[PDB]
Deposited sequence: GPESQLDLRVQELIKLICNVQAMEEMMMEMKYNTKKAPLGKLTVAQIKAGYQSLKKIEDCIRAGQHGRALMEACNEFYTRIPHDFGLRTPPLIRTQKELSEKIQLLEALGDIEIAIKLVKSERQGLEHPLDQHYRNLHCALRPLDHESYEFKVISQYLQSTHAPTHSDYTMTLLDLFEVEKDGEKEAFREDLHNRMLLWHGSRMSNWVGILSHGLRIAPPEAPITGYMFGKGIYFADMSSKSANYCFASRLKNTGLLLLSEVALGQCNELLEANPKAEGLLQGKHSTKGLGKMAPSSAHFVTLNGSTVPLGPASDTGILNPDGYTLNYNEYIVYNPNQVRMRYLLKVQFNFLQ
């Protein structure tokens, strides 16, 4: 029986992100019907059909259709993406937050299809499965020293930018990995100014796909009204805002946080949401949803050519009527993103 040749730290990481049984438990909590559509029978085409159904719902909403048209549009979606609501009728989809909820379900399902394809790509016996899964990611994950300057700034970044409204939990940095996805260095825009180290969170089910395919842009079939600032890659400067998207629980209190170098260039700053913000760029390179509270430049430091927006965060007075509490950074080409650090985090829930 071939033993693992990977670092014990990387071994634990792959086990976490390749746990298909944990993936089935997560999708059921999202009301997805795994009995009716098993995860091992997921296909790219089925997920794309779900996106197009949501786009059809957005067409009903734009046309003011809240009757049979909307019900039949939602029925088609729930038939392609089956849910488990008991004996109840499936809820209708209408609002942006309800659209986004389904978009996030589809994004998890898409990355889950990548994960099953990967674990099924194991040639059993050849070597330990963990080493096989790791190589098939085609993404380097190098564990770093806890007395390294990297670990010091990133631990500071994690604690200093924890938002006061997200007071239901704290976060303990368990481990830190340097990330090198094949090709990101060669496509990155080292020319663009305002290179910043920004957070991004996601459910545990999505990290095989993220580390295998990079942060991606929403597909053309998706309705644009589900993305507050358009079909781009979203980042935060407040760790807890991204860490909320890990969707950790008291029993599943381990999550992953990604730090990436983002070439924002000149930002197009918006006071409120607009799903069509990409057309408002006008030679600018990124959209910045202005938040009321943000880190101040008086605490910033540099870590390997990028600016770390360390806390403590102060208020900006932004009060345009739901304004953003905290910032949001959106780039619309993946060549502005380079994944760099992966954080294994313990969530400390405060009851």
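Which ranges of the deposited chain go unmodelled, in order along the sequence?
One region goes unmodelled: 321 to 322.
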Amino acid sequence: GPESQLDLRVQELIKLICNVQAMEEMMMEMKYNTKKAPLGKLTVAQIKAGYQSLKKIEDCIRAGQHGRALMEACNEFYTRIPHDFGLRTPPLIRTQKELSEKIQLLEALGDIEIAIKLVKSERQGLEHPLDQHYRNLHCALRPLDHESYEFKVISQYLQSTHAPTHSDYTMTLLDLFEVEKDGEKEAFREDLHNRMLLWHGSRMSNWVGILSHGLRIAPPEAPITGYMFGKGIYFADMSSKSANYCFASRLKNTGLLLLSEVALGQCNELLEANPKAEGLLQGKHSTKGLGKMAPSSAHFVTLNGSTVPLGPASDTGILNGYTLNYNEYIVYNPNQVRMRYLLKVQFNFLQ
From here on, numbers count along this sequence of modelled residues.
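In this text, the rigid core denotes the largest set of C-alpha atoms whose superposition between the two forms falls within 1.5 Å.
_Higher-deviation segment by CA RMS in 4 other deposited structures of this protein, core fitted, 185 to 193 or 87 to 95_ = Evaluated in 4 other deposited structures of this protein, the stretch farther from the shown form is 87 to 95.
- Determine, for 259 to 267 and 243 to 251, which one has C-alphas that on average lie farther from this form in 4 other deposited structures of this protein; superpose on the rigid core first. Once the core is superposed, the stretch further away in 4 other deposited structures of this protein is 243 to 251.
177 to 185 versus 99 to 107 - which carries the larger mean C-alpha B factor in the record:
Per the PDB entry, the higher value belongs to 177 to 185.
On mean Cα temperature factor in this entry, is 226 to 234 or 167 to 175 the higher one? In the deposited entry, the stretch with the higher C-alpha B-factor mean is 167 to 175.
When the CA B-factors of 56, 48, 62, 292 are compared as recorded in the entry, which is the largest? If I rank 56, 48, 62, 292 by C-alpha B-factor, first place goes to 292.
Going by the entry, which of 152, 216, 276, 123 has the most elevated CA B factor? Across 152, 216, 276, 123, the entry lists the biggest C-alpha B-factor for 123.
Practice problem: Looking at the entry's B-factor column for C-alpha atoms only, identify whether residue 304 ranks in the lowest, middle or highest third of its chain. | Solution: Residue 304: CA B-factor falls in the middle third of its chain.
By its CA B factor, does residue 162 count among the lowest, middle or highest third of the modelled residues in the chain? CA B-factor rank for residue 162: lowest third.
* Could you say whether, by C-alpha temperature factor, residue 144 belongs to the lowest, middle or highest third of its chain? => Answer is middle: the recorded C-alpha B-factor places it there.
What third of the chain, by the recorded C-alpha B-factor, contains residue 194?
-> As the PDB entry reports it, the C-alpha B-factor of residue 194 lands in the highest third of its chain.
* **For residue 260, the third of its chain into which the C-alpha B factor falls** => Its C-alpha B-factor belongs to the lowest third of this chain's values.
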